Amino acid sequence: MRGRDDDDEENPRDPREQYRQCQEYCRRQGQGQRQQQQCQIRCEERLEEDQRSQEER
């Protein structure tokens, strides 16, 4: 774009902290490699999904 948009800018909140939370939850509850992929994937979309929503308030 001619100017600078906010889509290419990182959100003020740290996504890593909540991402780490998913990893702890998944390991604590669940069994098998297949489930490990399932918990990480769901959290990944949600993580990106959360930033799109934006909550400045």
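Worth a mention:
- Checking every one of the trypsin sites (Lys or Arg not before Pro) in region 1-47 against DSSP loop status and a limit of 14 other Cβ atoms within 10 Å picks out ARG2, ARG4, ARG13.
- Based on DSSP H segments of at least four residues, each scored -39500 (n - 2.57), the chain has a per-residue ellipticity at 222 nm of -20500 deg cm²/dmol.
- Computed over the chain, the Cα gyration tensor eigenvalues convert (square root of 5λ each) into semi-axes of 30, 12, 8 Å, ordered from largest to smallest.
- Electrostatic bookkeeping for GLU55 treats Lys and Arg as +1 and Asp and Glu as -1; over the other residues with beta carbon under 13 Å from its beta carbon, the sum is 0.
- Between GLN35, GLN18, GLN51, the Cα set farthest toward the positive side of the dipole of the chain (charges on each charged residue's Cβ, about the Cα centre) is that of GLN35.
A short reminder: the numbers here are calculations on the coordinates, not readings from a lab. Every residue, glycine among them, receives a Cβ derived from its backbone with ideal geometry; neighbour counts consider all protein chains shown.
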